[PDB]
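Just below is one structure, and these are the notes that go with it.
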Amino acid sequence: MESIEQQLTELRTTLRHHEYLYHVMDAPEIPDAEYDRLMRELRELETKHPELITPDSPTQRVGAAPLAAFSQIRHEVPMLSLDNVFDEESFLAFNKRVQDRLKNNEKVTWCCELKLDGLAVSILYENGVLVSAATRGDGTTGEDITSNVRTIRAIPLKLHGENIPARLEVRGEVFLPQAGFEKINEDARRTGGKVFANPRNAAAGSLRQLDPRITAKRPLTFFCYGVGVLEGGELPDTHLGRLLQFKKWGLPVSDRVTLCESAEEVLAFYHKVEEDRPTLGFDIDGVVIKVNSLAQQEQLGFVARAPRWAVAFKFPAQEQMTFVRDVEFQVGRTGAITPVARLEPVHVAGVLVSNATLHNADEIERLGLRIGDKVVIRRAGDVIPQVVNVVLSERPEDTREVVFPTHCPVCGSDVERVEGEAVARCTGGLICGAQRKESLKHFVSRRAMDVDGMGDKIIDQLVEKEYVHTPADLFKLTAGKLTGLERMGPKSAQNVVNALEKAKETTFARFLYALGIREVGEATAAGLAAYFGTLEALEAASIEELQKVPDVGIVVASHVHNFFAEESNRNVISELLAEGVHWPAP
DNA sequence: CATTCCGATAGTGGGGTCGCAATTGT
DNA sequence: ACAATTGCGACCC
DNA sequence: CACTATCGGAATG
Ligand SMILES: *OP(=O)(O)OC[C@H]1O[C@@H](n2cnc3c(N)ncnc32)[C@H](O)[C@@H]1O
Ligand SMILES: [Zn+2]
């Protein structure tokens with residue numbers, strides 16, 4: 001309610017104060033994640049009132065600004081994923097889905113783009129002025145990388161054409177072309193520097209640098225592919241049309257973007273790009289096919305993790321060979337026992353591969369895999385290690401059978417492989433230390449209670465030393481007790497207590513998900529949350545009423561019902577609430 | 001309607017690099 | 001008593 | 001980030 005001038009000055013005062021403490025204490029940086037935040041808030045208010053900007057304002061920073069801790073930025077519009085298709089048939093299925101859905105909106109035109117291989121970045125432009133830039137994070141909240149993005153030559157600090165909207169969030173890929181990647185490695189080996197493994201991870205590392213001066217020396221570039229929040233302007237209903245407009249604003253846009261009228265045209269485009277792939281000058285992992293019309297785009301809507309109007313049409317992945325040195329079994333929070341191949345380290349498409357999931361016992365039999373076997377490996381989708389097949393012809397004289405454990409490798413309990421099901425799991429329950437660990441690990445994960453600083457190691461030790469038994473115990477911990485832990489310390493322990501405290505404020509959906517109810521993942525957690533609104537109506541629901549919730553049948557209904565039916569869980573929840581955990585009432 | 005098909009999730013798995021701070025070295 | 005290493009978790013794909 | 005099993009619900013005969 002306080003006037004503009006009074007708001008500007010209160011932001012500048014806090015900013016100039018942080019800079020003061022920085023110099024005084026002779027600090028290495030500004031440990032306050034609230035310095036980058038305040039700065040973007042000042043920029044947002046300033047671009048809004050270009051006449052209320054002073055030459056003394058921190059926004060007119062004359063030279064290198066003081067280093068500051070990374071802050072976060074919320075995405076009004078989610079930065080989701082893409083459903084993948086790997087072959088012409090997979091695409092035709094996608095095409096059928098889009099068609100069968102739409103009601104005689106017949107004219108479906110496909111906008112086709114290269115799927116660049118770097119990292120996603122969202123850039124907010126207010127009245128044509130670049131105010132902030134953020135990564136994707138969990139889709140809702142991402143890291144503020146404004147300082148690093150400002151050093152990217154290809155990204156204009158201000159747009160220029162006509163009808164520039166009041167608010168325009170530009171989404172695209174930041175990346176290192178091959179020549180830039182090689183230039184950086186040539187410099188690393190010349191000096192004592194460390195060389196990067198590939199351009200994707202090098203580009204990402206560059207944007208996580210605390211000191212922008214270092215980022216400025218990385219020849220990062222950018223390409224627009226979409227839009228986030230949009231307010232004002234006169235943008236067209238065609239996706240291509242919009243990119244064409246961005247290009248006119250001065251934003252960088254790939255000249256390869258094309259329009260296809262049929263599925264055959266899309267396929268032709270796919271093979272065309274596959275052929276010129278080596279002449280691009282940068283890496284790609286495929287092409288993105290999307291409904292060009294923003295209207296139809298809205299009719300198709302999104303699913304949990306991705307739009308229904310687009311797919312990433314990926315290229316086949318580069319294969320390599322190596323051998324299995326061993327197969328280990330890891331226990332998950334729901335008791336699941338997953339086999340993992342330990343491989344002889346081999347380089348594949350830019351990275352060192354040492355491990356690959358084997359999924360389950362059926363997969364191991366399908367492959368006929370034995371310890372010692374030679375295998376064909378590949379980074380599926382150009383990211384994840386996958387064991388394609390065993391090379392029988394080269395099976396060593398001496399190989400060892402892979403024996404699925406009949407007793408959990410942790411608590412020793414019996415393993416259960418239910419009739420007709422493929423998954424085998426540990427039956428120890430609360431007795432199993434691996435389940436306890438994985439469960440607490442899941443409770444603390446980014447899409448759950450999001451407790452920064454709590455990882456596999458700290459959790460392992462807390463469960464090992466019997467300090468924690470249930471989620472509630474996590475908040476009873478004090479700096480004193482944490483300080484005396486392996487790889488733990490005074491400030492380190494304080495950061496955890498702080499993160500735990502901050503984690504108290506959540507949402508019903510995240511809390512529900514954090515509880516780890518069988519078959520209740522993030523999507524179902526949100527559905528149940530939105531349906532009942534309160535933890536009361538939920539645990540008071542019957543199996544028959546639970547089945548009224550969309551996408552919830554008897555399996556889920558029963559698991560949910562049996563979960564709250566247990567006093568055990570009732571007190572875990574009640575204790576968490578007692579501990580302080582809470583969320584916005586509907 | 002009984003089966004089969006399929007869209008959408010759940011659950012569990014991988015590697016690179018950087019900042020912070022625990023830990024080791026001068 | 002700082003300075004240089006390096007374990008761990010964040011957080012990219 | 002990818003894969004597979006599984007669940008819920010739509011499609012098939
Ligand atoms: O499945 P996923 O999470 O890897 O995919 C989402 C990411 O795909 C990238 N990308 C690259 N090119 C495009 C185009 N042209 N359109 C939409 N997305 C694109 C993004 O970086 C995104 O996060
Ligand atoms: Zn066990």
Side-chain angles (χ1 to χ4, degrees), chain A residues 28-29 31 67 69-70 81 83-84 86 93 96-97 100 117-121 135-138 142-143 145 173-174 194 196-198 200-211 214 285 303-306 308 314 317 330-341 348-360 362-363 378-386 420-423 425 438 442 444 446 451-459 483 485-493 495 499 513 516 518-525 527 547 550-557 559:
Chain A
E29 51 134 51
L67 309 178
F70 283 109
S81 295
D83 279 332
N84 301 317
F86 301 102
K96 199 174 185 178
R97 286 202 295 291
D100 297 320
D117 191 64
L119 59 169
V121 171
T135 59
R136 169 179 58 180
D138 62 19
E143 197 175 65
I145 51 179
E173 271 245 303
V174 156
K194 298 95 76 183
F196 295 99
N198 65 81
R200 170 199 300 166
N201 298 131
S206 302
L207 288 180
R208 261 161 134 310
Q209 290 280 162
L210 213 171
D211 190 353
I214 290 174
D285 68 1
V303 296
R305 214 177 92 287
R308 298 219 275 270
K314 289 175 129 68
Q330 303 183 177
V331 182
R333 71 173 207 288
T334 75
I337 291 173
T338 305
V340 177
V348 187
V351 303
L352 189 66
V353 173
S354 306
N355 303 282
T357 179
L358 287 179
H359 300 288
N360 53 53
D362 289 342
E363 177 80 352
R378 122 234 283 186
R379 275 227 287 171
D382 286 5
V383 187
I384 310 305
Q386 175 182 49
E421 78 167 3
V423 179
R425 43 171 66 85
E438 296 309 304
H442 183 62
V444 172
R446 171 141 116 303
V451 188
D452 296 81
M454 298 243 63
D456 298 56
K457 304 296 175 175
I458 182 63
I459 291 302
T483 307
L485 287 171
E486 223 90 68
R487 267 283 141 179
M488 223 52 216
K491 195 175 187 180
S492 181
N495 293 330
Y513 174 61
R518 204 65 159 297
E519 280 296 335
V520 176
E522 194 192 15
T524 303
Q547 278 173 286
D551 303 311
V552 172
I554 26 68
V555 183
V556 173
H559 281 297

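The chains referred to below are lettered A, B, ... by the order of the sequence lines, with proteins before strands, and numbering in each begins at 1.
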>> Treating primed atoms plus P, OP1 and OP2 as sugar-phosphate and everything else as base, which nucleotides of nucleotides 3-13 of chain C get B, S or - for protein heavy atoms under 4.0 Å?
In response: ----BSSBSSB

>> Mind checking if A/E522 touches a base, just sugar-phosphate, or nothing, with heavy atoms under 4.0 Å?
In response: sugar-phosphate

> Would you call A/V121 and A/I145 a side-chain contact if the rule is heavy atoms closer than 4.5 Å?
Replying inline: yes

> More 5' along DNA chain B: A/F196 or A/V340, using each one's nearest nucleotide?
Replying inline: A/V340

>> What's the gap between C/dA10 and D/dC1 when it is taken at their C1' atoms, as a whole Å value?
In response: 15 Å

>> Categorize A/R308 for me: base, sugar-phosphate, or nothing, with a 4.0 angstrom heavy-atom threshold over every strand shown.
In response: sugar-phosphate

> Going by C1'-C2'-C3'-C4', which side is D/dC1 on: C3'-endo/north or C2'-endo/south?
Replying inline: north

> Over how many whole Å does the gap from A/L358 atom CG to D/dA2 atom P extend?
Replying inline: 19 Å

>> Side chains of A/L207 and A/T135, heavy atoms from C-beta outward: is any pair under 4.5 Å?
In response: no

> Who are the side chain to side chain contact (heavy atoms under 4.5 Å, CB included) partners of A/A204, not counting sequence neighbours?
Replying inline: A/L119

> Which part of the nucleic acid, if any, lies within reach of A/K314 when heavy atoms closer than 4.0 Å are counted: base, sugar-phosphate only, or nothing?
Replying inline: sugar-phosphate

>> Just to verify, what does A/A499 make a side chain to side chain contact (heavy atoms under 4.5 Å, CB included) with, not counting sequence neighbours?
In response: A/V451, A/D452

> Is A/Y513 touching bases, backbone alone, or none of the nucleic acid, heavy atoms closer than 4.0 Å?
Replying inline: nothing

> Within a strict 4.5 Å, meaning less than it, do heavy atoms of the A/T334 and A/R425 side chains meet?
Replying inline: yes

> Pick the nucleotide of DNA chain B nearest each of A/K194 and A/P385; which residue has the one closer to the 5' end?
Replying inline: A/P385

> Would you call A/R208 and A/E143 a side-chain contact if the rule is heavy atoms closer than 4.5 Å?
Replying inline: yes

> Looking across every strand, which nucleic acid part, if any, lies under 4.0 Å from A/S81 by heavy atom: base, sugar-phosphate, or nothing?
Replying inline: nothing

> Excluding sequence neighbours, so at least two apart, what forms side-chain hydrogen bond (donor to acceptor under 3.5 Å, both in side chains) with A/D362?
Replying inline: A/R417

>> What's A/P490 touching, base or sugar-phosphate or nothing? Going by heavy atoms closer than 4.0 Å.
In response: sugar-phosphate

>> Reading DNA chain B in the 5' to 3' direction, which nucleotide is the first one with an atom under 4.0 Å from a heavy atom of chain A, and which is the last?
In response: B/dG7 to B/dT23

Which pairs, protein N/O on one side and nucleotides 4-7 of chain D N/O on the other, fall under 3.5 Å?
from, atom 1, to, atom 2, distance (Å)
D/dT6, OP1, A/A422, N, 2.7

> Looking only at atom types and distance, does a side-chain atom of A/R136 sit under 3.5 Å from a main-chain N or O of A/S81, one as donor and one as acceptor?
Replying inline: no

> How would you label the contact of A/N84 with the nucleic acid (heavy atoms, under 4.0 Å): base, sugar-phosphate, or nothing?
Replying inline: sugar-phosphate

> Got a sec, which residues hit side chain to side chain contact (heavy atoms under 4.5 Å, CB included) with A/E522, two or more places apart in sequence or on another chain?
Replying inline: A/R447, A/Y513

> Which residues pass the side-chain hydrogen bond (donor to acceptor under 3.5 Å, both in side chains) test with A/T524, sequence neighbours left out?
Replying inline: none

> Taking only residues two or more places apart in sequence, or in another chain, which ones meet A/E519 in a side-chain hydrogen bond (donor to acceptor under 3.5 Å, both in side chains)?
Replying inline: none

> With a 4.0 Å cut-off on heavy atoms, is A/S354 in touch with a base, just the backbone sugar-phosphate, or nothing at all?
Replying inline: sugar-phosphate

> Hey, does A/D211 have a side-chain heavy atom less than 4.5 Å from the side chain of A/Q209?
Replying inline: no

>> Over the length of the helix from B/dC1-D/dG13 to B/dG13-D/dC1, how much do the five-pair end axes diverge, rounded to 10 degrees?
In response: 10°

> Which residues satisfy the side-chain hydrogen bond (donor to acceptor under 3.5 Å, both in side chains) test with A/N495, sequence neighbours excluded?
Replying inline: none

>> According to side chain to side chain contact (heavy atoms under 4.5 Å, CB included), who are the partners of A/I554, at least two apart in sequence or on a separate chain?
In response: A/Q547

